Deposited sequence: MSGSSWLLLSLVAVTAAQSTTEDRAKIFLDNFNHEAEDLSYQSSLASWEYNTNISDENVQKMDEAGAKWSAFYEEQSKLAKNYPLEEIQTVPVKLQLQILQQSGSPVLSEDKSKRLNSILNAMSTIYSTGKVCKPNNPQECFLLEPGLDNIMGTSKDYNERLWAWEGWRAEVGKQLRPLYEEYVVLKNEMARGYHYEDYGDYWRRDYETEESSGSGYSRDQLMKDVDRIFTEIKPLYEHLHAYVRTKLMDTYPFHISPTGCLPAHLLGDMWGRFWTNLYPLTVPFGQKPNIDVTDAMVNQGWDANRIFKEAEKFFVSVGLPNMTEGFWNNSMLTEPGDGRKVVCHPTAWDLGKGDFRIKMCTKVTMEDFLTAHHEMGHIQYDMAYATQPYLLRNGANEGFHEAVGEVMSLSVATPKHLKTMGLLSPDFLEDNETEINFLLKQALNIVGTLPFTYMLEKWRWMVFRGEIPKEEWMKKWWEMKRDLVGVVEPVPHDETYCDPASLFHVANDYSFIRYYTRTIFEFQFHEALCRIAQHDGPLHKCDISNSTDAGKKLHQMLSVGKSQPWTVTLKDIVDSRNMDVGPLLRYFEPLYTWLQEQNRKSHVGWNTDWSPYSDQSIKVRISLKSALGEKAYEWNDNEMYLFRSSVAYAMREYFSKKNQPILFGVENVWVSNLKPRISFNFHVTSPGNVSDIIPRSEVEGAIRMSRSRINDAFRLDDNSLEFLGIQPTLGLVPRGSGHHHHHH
């Protein structure tokens, strides 16, 4: 009869035949990932293309029932998932260009190489190469070389590809009845219940702005404490009141500060919790670790595994010759089949990762009764938030004491708690401003608020202002430093980690309140608590079938993102950092840079100015430095690339400084550059047809 009496039959036709093709697609993906070889990638493709071609064939068929005349919730949500995640309305050559741009960006990121200046034949990759250098080395010059060689030999390649990618993605997202690609990423966290009281796509930006402003004091105190401890190491290189250099943060991008823990540890005589020796000494394997994780998940109230999980999911490295990818992922193959693929070892971090992946599986097992379009998290944050919060309780040094992993003679003093809280904050609190700033930069790039000629200037301005991180080398518009991250070059949303952290700590406080915990929040274990399991599984069972605000209200008794759970978790650490940063400066100024004290201010007083004047000025400066060092019998081949221009105002003034060739950390002193300019004064200004009044060299 009516369209509602045809849409349900259409959706009943869709799910019962999409489930099969999704099952063979997932089976092909599993049989590839566990069996990396030839004649394995040549079976995902035709199965994946079959599933995709069916998926847009249904998407074209889906636009026959408008959403206005249907009123029941689940079919309306299924049709809302349909008709918008279909074939992109674009030209064929434009779509081919977009696919080529994405593939080229992924290939450049995956295969980019950085070579040493003294040895051009010793080149390093990123994943087995420069990552070890940024994670382990404490040398200022080596870290600066690794930070500068990357995103100059990689980001400069990615800059025009990223510009074309931004243009094409904005064109694609404008065809989906959205305004921007950042708005298209914000199609998640978009609900509607009654009378327009739903979560808007513009509400997410205001909420994350409020959350970032609410974490400002804790992050400021953590930044001040890290800066104070980063002055014992690296002396005469970090200002006590300025921002931290970008290459001394523990990672190539400053995302996670967790590699700065050995440098900034308090009470180093107290050992941290590490039960690796105590777990290899009792004869533990992958099966025992996963059985203990299953016993933990049973004790809270979640059910067992489906018994096909044990007999099909590979847990350790296979004995025979079979290449695998050793990235820990939880696989929901569909049709009641759940698997975990990881290369685990007998280690504490693998013991926590097993709990994380089994929490992901328990998230996947709960909504198996839902239709296929609703078999996801309520947003893109709840899934990883549940996975992270199920591993937070088992890291407490009381759950380990019950299992016998920790000896009962170990002391739980108030210094080990501070060490654990600081390690968590370096893991968790130190990545929230970076994530927020990067997503804000991407949103304002997609909105058109940041012009193409001001990408890098705005990027480093927000890095200084929001993250409190200063660059060590000035970067003009040739560079593309956002594209040097994996999630930006591979077209991935990044605010899901921010929402993951917020929702994870909200869930942690809610489940600890239900489980009748009395002490501090960081020493809370929800094991042997069936009351927390029921209210957990009530959230777990519904996926996209409900708005995420309603699902969140049923567990934490709030419809909004609240960071109050996060601040209560780090309250002893906050009140210890407030006492530690008593004689220091809490905050930063956006004026200091490692090249600030050796830069010469140049003011322009008019002939006609363009980008070619910069090249002529830098070449004249390089010639002046060559002439200065030739009189001292030091033949040094200064170039245009050895002159860096910073604070470039394109009408009035700019700053510049000179660096030695082959050593990016060797800044020429300001007195020597001024002497070179004074000796070669005629050749500097006679090329521009101006006198000393126009360029007075402050």
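Give the ranges of the deposited sequence, numbered from 1, for which the structure holds no C-alpha coordinates, in sequence order.
Missing CA coords at 1-18, 625-632, 725-744.
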